[PDB]
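Step one of this worksheet: look at the structure below.
These numbers come from the heavy atoms of this one structure, side chains and all, not from hydrogens, waters or symmetry mates. Chain letters run A, B, ... following the sequence lines, proteins first and then strands; every chain starts at 1.
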Amino acid sequence: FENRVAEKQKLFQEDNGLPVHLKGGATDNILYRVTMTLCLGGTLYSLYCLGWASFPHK
Amino acid sequence: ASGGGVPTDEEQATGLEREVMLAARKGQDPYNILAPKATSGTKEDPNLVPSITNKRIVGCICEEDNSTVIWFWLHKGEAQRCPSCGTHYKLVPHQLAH
Amino acid sequence: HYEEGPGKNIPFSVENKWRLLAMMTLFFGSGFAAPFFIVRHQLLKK
Amino acid sequence: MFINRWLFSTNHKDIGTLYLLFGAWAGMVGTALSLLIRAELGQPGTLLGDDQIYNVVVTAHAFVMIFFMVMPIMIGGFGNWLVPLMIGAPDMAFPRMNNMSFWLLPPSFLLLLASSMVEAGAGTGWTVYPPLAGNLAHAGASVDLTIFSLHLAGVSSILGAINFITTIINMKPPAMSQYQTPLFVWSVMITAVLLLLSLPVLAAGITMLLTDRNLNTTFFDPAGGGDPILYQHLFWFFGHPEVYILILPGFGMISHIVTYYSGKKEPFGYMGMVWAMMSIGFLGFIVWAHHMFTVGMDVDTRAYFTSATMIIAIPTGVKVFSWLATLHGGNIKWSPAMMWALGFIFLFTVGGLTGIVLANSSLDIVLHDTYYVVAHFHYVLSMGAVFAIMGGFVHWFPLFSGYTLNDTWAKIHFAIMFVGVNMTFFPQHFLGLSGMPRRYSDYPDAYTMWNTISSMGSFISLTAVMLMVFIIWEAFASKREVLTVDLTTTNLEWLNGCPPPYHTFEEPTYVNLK
Amino acid sequence: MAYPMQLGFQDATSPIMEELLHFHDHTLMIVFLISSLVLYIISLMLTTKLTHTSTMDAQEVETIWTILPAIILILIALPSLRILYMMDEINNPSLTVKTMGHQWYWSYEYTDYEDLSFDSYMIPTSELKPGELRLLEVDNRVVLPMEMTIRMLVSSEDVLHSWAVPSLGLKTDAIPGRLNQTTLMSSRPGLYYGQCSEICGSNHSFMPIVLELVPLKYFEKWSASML
Amino acid sequence: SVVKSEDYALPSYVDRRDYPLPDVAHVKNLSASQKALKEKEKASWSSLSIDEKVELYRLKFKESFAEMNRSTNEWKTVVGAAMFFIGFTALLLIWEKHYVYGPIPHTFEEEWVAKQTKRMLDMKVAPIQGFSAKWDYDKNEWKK
Amino acid sequence: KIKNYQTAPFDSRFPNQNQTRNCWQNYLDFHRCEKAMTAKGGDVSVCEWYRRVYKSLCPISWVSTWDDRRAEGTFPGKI
Amino acid sequence: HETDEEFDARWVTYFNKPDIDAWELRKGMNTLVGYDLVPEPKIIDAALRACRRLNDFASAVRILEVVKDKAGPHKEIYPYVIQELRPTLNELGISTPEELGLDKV
Amino acid sequence: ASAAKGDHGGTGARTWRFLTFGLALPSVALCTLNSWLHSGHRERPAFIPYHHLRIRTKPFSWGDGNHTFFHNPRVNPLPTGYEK
Amino acid sequence: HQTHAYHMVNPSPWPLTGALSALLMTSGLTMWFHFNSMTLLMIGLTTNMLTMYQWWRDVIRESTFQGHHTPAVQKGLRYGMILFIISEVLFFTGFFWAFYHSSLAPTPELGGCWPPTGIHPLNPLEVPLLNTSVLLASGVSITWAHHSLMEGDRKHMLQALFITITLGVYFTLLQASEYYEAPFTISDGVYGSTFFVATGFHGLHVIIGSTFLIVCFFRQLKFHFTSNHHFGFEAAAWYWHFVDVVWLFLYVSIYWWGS
Amino acid sequence: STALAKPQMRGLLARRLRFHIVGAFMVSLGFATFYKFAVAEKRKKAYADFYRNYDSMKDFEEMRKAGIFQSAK
Amino acid sequence: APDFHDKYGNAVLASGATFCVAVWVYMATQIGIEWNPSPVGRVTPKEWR
Amino acid sequence: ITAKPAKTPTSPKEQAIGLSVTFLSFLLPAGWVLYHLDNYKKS
Ligand code: HEA
Ligand code: HEA
Ligand SMILES: CCCCC/C=C\C/C=C\C/C=C\C/C=C\CCCC(=O)O[C@H](COC(=O)CCCCCCCCCCCCCCCCC)COP(=O)(O)OCCN
Ligand SMILES: CCCCCC/C=C\CCCCCCCCCC(=O)O[C@H](COC(=O)CCCCCCCCCCCCCCC)COP(=O)(O)OC[C@@H](O)CO
Ligand SMILES: CCCCCCCCCCO[C@@H]1O[C@H](CO)[C@@H](O[C@H]2O[C@H](CO)[C@@H](O)[C@H](O)[C@H]2O)[C@H](O)[C@H]1O
Ligand code: CUA
Ligand SMILES: [Cu+2]
Ligand SMILES: [Mg+2]
Ligand code: NA
Ligand code: NA
Ligand SMILES: [Zn+2]
């Protein structure tokens, strides 16, 4: 394998204002959206489950 | 029992890490890693306080092993004195690419 | 950057004192009310 | 911008502010639970229902006040705002992990709320002893939700402790030794060490309870060779350090407040104060079985835990006397924060002395699990931790906000709270000596008079709490902007102005070694 | 039992409870003294316009501040531990009684000689007879011989409880799988009350203890009649 | 004169009896006559009038010691307001008693208490000090 | 040898508040003795002291559960 | 440590320095009033003459106020100190706070 | 102790490689033979329904509620005995 | 522009997604234990893995690629890792306490003996000894890896690290096989409870430590480490020695002394 | 006229503290005598007096005749 | 110039004290609260059996 | 501390409003629940 760290240093030091978690490019945005959507949707689902479990069931 | 292949810091350190490494080789301390050594602190020989702006906070440990630190803004201009012990400080502003 | 200064380093607005009063009422009022409504919930169950 | 700043924060001040808002909201929940307790007891008979709903309320009262009000306010709130500023640091060591310590608390609180919503709640006591907390006497999800709430709060504080220790050891100016840092910084460092060592043991014990409840282990079930008393040891190995974790940052703020409003540049006896907090932290790990003097323990073990528990009075007394000696010769400024601190000193001393009564395991046979214990610890928590919190809040509110409080309103607030908490808790000594048990929804008729007065006291404290909200509203409503603050030369956290900029100490302080 | 407006401990029914009262007197005097001294010094420190704000040397006064509290602690601990070890000495009981905690009542077993056991439940408020005490009376009292050393053994058949009688200075936790021992000796006949002292669920407040202390011959005939 | 928030890093004026000579003068800008007064101050102070001395003082300082140390009537407001809110608390307690609490148990009825009191005396509750000690069993009355 | 039995005497092997092992040990000793005596055709009357001690000290429900388990073959102590 | 006399002499010498500057005048008085004492007349005398060399009448008045303040409830101290200073007050033309009305609340 | 080996002089990769292949992995290979030798199934003991074993205070959250997570029919009896 | 050496971190979503993943995993365990459902738990496990991935990804970006790990930052991370290991030691201490409490005073229900009646312990000289040699050996090979890295030797670093990971995997497979073969279970009283909960958390930490070694292996393949700057490798080696020492205490206490 | 005498000018705070710490201590000895006498001694005497000629059988017979016992009529 | 306390302090102190005493006396004595004081010197014991 | 005069002064009347609203926000919801306890229980 070859040492390509210099390429990645150039990429992540580019003066584009992006925060580190998005600075790798469009794949970062996708993976961020998948993560936050599962967390927020999962949290809404956990609230629904609390509402279900807060009452006795026949 | 022979190979290389592991980069060195000289080859591969980057950003602030590299700045600190290169300045240290020159005996310089632009990122304030070391404690400055005091002068006699008279008005003729004040402690010289570098800054990248027009004022910097000084903490004065007036005597060795005092637990109380005396804090004050030091401004560009005439030397100022610690309000507890009187020792003199004078700001020396600059740009940072020093 | 971000806003700096009094009334700007907080996640709620203090630009209008009556809107603030409403928000503070909802905020502290909801925390104080919650145990009474949980008690009500537990009593209504069984 | 809003989401980036307040959900994605890596800033020690904004995260501190989040913790203060969270702790204040929890304080309202814990106050409401405490008023339901005192409404149940305020006349003889049954108000709400039997001991299940009653001790769900008692249990939640304690968890909320300890884990969601005191610890977030003292350590997450004042620690995050003040520690980096007091050492000239640009932020915490792990600024992004710091934000996870904060955001684990709303889910932890949600789990505790869920516990009380499902089935019949966790009516266990904040100690969560088995078998009452086991899957036979507390079948269903409530106790497991409580366990998980504690796990999340535990992870939050363990990571927070790592953050504070590292920040305080590693991020001071290079000339500042540990013996040149302010006492509040010391108090947070020591509290963080206690958290680091004690919470993993709690986590082990409540995980054992979780597997006894759901995986057919029998750590605490004699049928499998287990032992309910093992749970008590693991819990109190954490729980005694925990009460010193609750009070140590309070001691640190009291030292700063007393020094400041005495017009002093420094507390009396700085190295003795450091020695005393370190000694209290250390001794706080070898005393836990004073919570178990009636479980059937051998006599020599009782003699040791009696003696070790008492010895903590020596470093603690050094701190009380050193606060008195800080006042001595002061230009005393009778600000509302000074009043909170003076009330702290006196009320903490009362509760410490009733602790000394209880340390005698022979007298503790009669006092254990009675309201004498409840009186002991509400003098150190509701008139120690709460008074140190209120003192620090009114002292540093202008720093955090840039605005001033109305000092006359704040003094009125102090006066009402002082009357209310003493009327609430002082009669509980009588109830305990005369034998009223803890965790009771109702009492034999003889106990009526003191329970009536105690419940009336709790309503006076309610009025103080409502007034506190109004006082904070009035400050933000009127917008009196701070101009000058005295004694900045010995209170570095004020020297960047009120409120300090988002980024402070981008250029670090200059301190030479001489 | 407790009485309205009571401030302190119930009157002692046993010699050990007597000892605890005098030790409490010895200790509360110290509590009052120290708390009042701190309050007064707070007032001495706070009531003068004279000032002295320069650095003050600490080591001489910290000697006083550690040595004097250490002495006070020793003055408390010495009689404290004397009572602890006296409470622990061997006494030779004449009788063993077991009590088992349950949700929510106590059972009692007196099996030195015969198979005697019964349950003991709170009298409900609506069934009290005039003059009886709300939440304290039971249907079947723990009759016991006065002026004799009795071994009580305490356990539980479900969750934790705790078996207490404040006027005898007694509180022993009731733990399933464990048999805890305490000794009891009443100087006087009469009725001595206590209440479950470890949270145990829905009716924790409502499973009291009533001892009925009588001469040995009455205890023997009561025992025979309870078979 | 006029203190600004953006001056926080500069030496500032304070009136404190333990810091009698603050870091700056109270008033730094001088009118024509105030400039002339500062020049006059370089000559004998015996030639300054009383009003000129007072004006020099009030240029250097804001409040005198007597002004900055004065007592106030604030305690009346604090004590009075605290008693008002304690009074308001009793309104809440009155409300609670009327609308929340039901009847207390029948064991507090006067006849029950009289009979219970006799039964407590018959079993010699707290006979050494606390309760029955206060009853005279010979005269059938509460001891004087 | 010594009747006028009143209750179990102090036993220096079990001097502390937890008496669980005292009950257990006397229960075992009684049934161990009774197995010995009824094996060699001797008299269980020599086991009586242990029987009296464990009856005094042991909760009825412990004895009953242990007796059931002996009969079931699930008693985990050695007899 | 040092005698009372040595303490007083050090402070007289401090204020008597001919070219003492404004910063040193303020530092001296603000340090001195931290001690558990009211300064002797001879110390105050030297401080007032320092004010005179620094052309600072107001600070001379303020020094008199702080003498009075340091005495606390001991009402006899200030009139004695003013008595002892009257030759200096007359020589330098220093009016007291009372003579200026600055003792009024 | 001191082990009984005995090198030093300065610090190195070559020494720790020597210890990896010369001491550590041989010991693993030896213990692997020792184990792969005392292996092969052991005769299971009579079933006795001891009450301190096979605890069930709540069904397991998987399967039929009565089987442990790594249940081995050959050596793990159920509360009612070995499976048939 | 700062003139200190410390790292101001970019505002980040991963603290919030991690906190929410803790809510989903705990409420998910509740749903699994009480409401016969794994849905919430699998979502929580998934978001937890995504959070860890992106968070530690970003730490590599900030250090190897952006240069923010000055010596002062590295020194903070060293303290952080040591303190984290200390907290994990105290966590295992609770389980060792439970083990000694139950085994030193075996109750009548057990037969009043340790091991309990009806328990047939594993032979500590068979697979448990083999596991001990495997983890000790992996402590030797990871030290070889460390010295090769400091000496600038890429190939022998990778060979030694691969050996270390292979040994960690061998331990895990051996332990999994021993779990399946064990004639006692987690429901077998306090013996099975202490055995499986203590060795099971230890096994989880072996899997965590092995994963961390594998992360270091792939970073090494990508040349991220210099011969002087490689704190992720050092932290993983410290954690690996901690896992080894916990095993040695378990072996002596539970497998040997407790047999 | 006459000159004012020189008053004490030094150590006024220390002198005040010294005087009052001794008075603080004297209170405590004076209080301790009161608490020992009004409370602790009173209690010892109350128990000694009560039991000095106490007749437990007589106490029992009074209680029995009052009807308070389950086991004894 | 007189501030809020000079102008209103006397009134606030007087009215606050009067109100506080009046409403606590009323609450304490007029609304049926059972304080359950000691029977000593108050209650005539009455036959119960 | 010194401070500027209020940028947005809150008059006595405004304070009475803020104080009243604040107190009612705590008292009314709790009061409603406690008033209706019998309805919840005796249900
Ligand atoms: C902030 C919280 C806090 C603090 C600081 C303390 C401090 C102390 N506590 Fe407290 N305690 C609790 C919170 C706290 N406690 C809680 C919550 C419980 C019950 C938990 C539960 O069951 O839920 C409890 C329970 C508790 C018990 C158990 C009672 C029982 O359950 O039967 C005991 C007995 O040992 C005890 C003793 C003490 C002692 C000796 C101190 C000492 O550290 C105090 C030392 C301080 C002083 C003594 C005052 C100042 C000293 C001087 C002025 C010098 C002169 C003094 C002397 C010479 C004595 N505590
Ligand atoms: C910090 C801990 C804490 C605090 C503050 C309190 C406060 C109060 N507690 Fe608490 N209490 C406990 C911890 C605490 N308690 C514990 C641990 C138990 C034992 C639980 C168990 O037995 O298992 C307990 C038990 C307990 C009982 C015994 C229950 C029983 O045995 O049946 C009672 C009864 O009166 C009681 C009453 C009160 C009351 C009236 C207050 C009031 O004083 C509350 C008044 C309101 C405040 C003190 C202000 C609240 C704080 C704020 C609003 C924050 C403001 C925020 C900012 C400025 C940023 N408590
Ligand atoms: C190979 C080693 C790794 C094990 C992998 C298996 C999955 C478990 C994951 C690891 C968690 C480790 C500890 C959890 C406790 C129990 C697991 C013990 C290890 C184990 O796997 O035990 C198995 C039982 O697993 C069971 O019950 C299964 C229970 C599975 C769900 C566990 C849920 C409980 C999780 C609680 C975690 C709380 C953590 C809090 C952290 C503290 C915060 C500060 C033993 O199988 P057995 O059939 O009984 O006997 C074998 C007979 N042939
Ligand atoms: C499976 C069920 C759920 C369990 C989830 C856990 C699963 C597995 C997690 C395995 C852990 C992987 C950790 C990877 C960290 C990679 C980032 C890293 O290693 O970052 C290093 C910093 O170290 C650092 O932050 C150090 C970072 C500290 C990491 C600590 C890791 C241990 C975490 C364990 C979680 C504990 C769970 C306990 C349960 C009881 C980067 O600095 P360097 O290496 O110097 O490089 C810089 C040079 O290139 C410049 O020349
Ligand atoms: C522990 C903290 C709380 C303690 C103190 C609470 C003080 C109470 C404040 C007022 O609360 C309100 O009181 C009303 C009565 O005064 C209730 O109205 C009820 O009663 C009225 C009169 O019967 C009817 O008009 C209403 O419809 C009926 O809701 C009303 O719901 C409730 O909000
Ligand atoms: Cu039984 Cu509480
Ligand atoms: Cu404790
Ligand atoms: Mg208890
Ligand atoms: Na009640
Ligand atoms: Na290394
Ligand atoms: Zn200095």
Donor-acceptor pair, [X] side chain versus [Y] backbone, under 3.5 Å?
X	Y	answer
E/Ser197	E/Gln195	yes
D/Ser361	D/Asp364	no
D/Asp50	D/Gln52	yes
E/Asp11	F/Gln129	yes
E/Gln6	E/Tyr3	yes
D/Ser455	D/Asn451	yes
F/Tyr101	D/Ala39	yes
D/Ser454	D/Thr424	yes
E/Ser205	D/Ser441	yes
D/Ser322	D/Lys319	no

If the condition is side chain to side chain donor-acceptor pair (under 3.5 Å), which residues does E/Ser36 pass it with, not counting sequence neighbours? none
For E/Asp25, enumerate each residue passing the side chain to side chain donor-acceptor pair (under 3.5 Å) test, keeping only those at least two apart in sequence or located in another chain. K/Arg43
Carefully, step by step, assess D/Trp340 and D/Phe393 under the rule ring-ring contact (aromatic ring centres under 6.0 Å, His included). CA-CA 10 Å; D/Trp340 287 108; D/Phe393 182 78; over 10 Å; no
Run the numbers on F/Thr89 and D/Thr463 for side-chain hydrogen bond (donor to acceptor under 3.5 Å, both in side chains), then give the verdict. CA-CA 7 Å; F/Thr89 304; D/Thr463 302; 2.8 Å; yes
With sequence neighbours excluded, what pairs up with F/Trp95 under the ring-ring contact (aromatic ring centres under 6.0 Å, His included) test? F/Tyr99
Please state whether the rings of [X] and [Y] are parallel, tilted or perpendicular, taking 30° and 60° as the class boundaries.
X	Y	value
D/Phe426	D/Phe430	perpendicular
D/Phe414	D/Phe418	tilted
D/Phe348	D/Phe344	parallel
D/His291	D/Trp236	parallel
D/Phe67	D/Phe238	parallel
D/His395	D/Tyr261	perpendicular

Where do D/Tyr440 and D/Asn55 land on the side-chain hydrogen bond (donor to acceptor under 3.5 Å, both in side chains) test, with the steps shown first? CA-CA 8 Å; D/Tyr440 267 29; D/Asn55 277 310; over 6 Å; no
Check whether the side chains of D/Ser34 and D/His61 place a donor and an acceptor atom closer than 3.5 Å, and report yes or no. no
Return yes if a side-chain donor-acceptor contact under 3.5 Å exists between D/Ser255 and D/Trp323, otherwise no. yes
Could you measure the distance from the CE atom of D/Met390 to the NE2 atom of D/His413? Nearest 0.5 Å is fine. 4.5 Å
How many angstroms lie between OG1 in D/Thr370 and CZ in D/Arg438, if you round to the nearest 0.5 Å? 8.5 Å
Residues D/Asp442, E/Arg134: salt bridge by 4.0 Å N-O rule: yes
Nearest heavy-atom neighbours spanning D/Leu324 and E/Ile42: CD2-CG1, 3.9 Å
Walk me through it: do C/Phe28 and D/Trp25 pass the test ring-ring contact (aromatic ring centres under 6.0 Å, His included)? CA-CA 6 Å; C/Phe28 293 103; D/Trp25 194 82; 9.5 Å; no
Greater than 12 external heavy atoms within 6.0 Å of E/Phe32's CZ: no
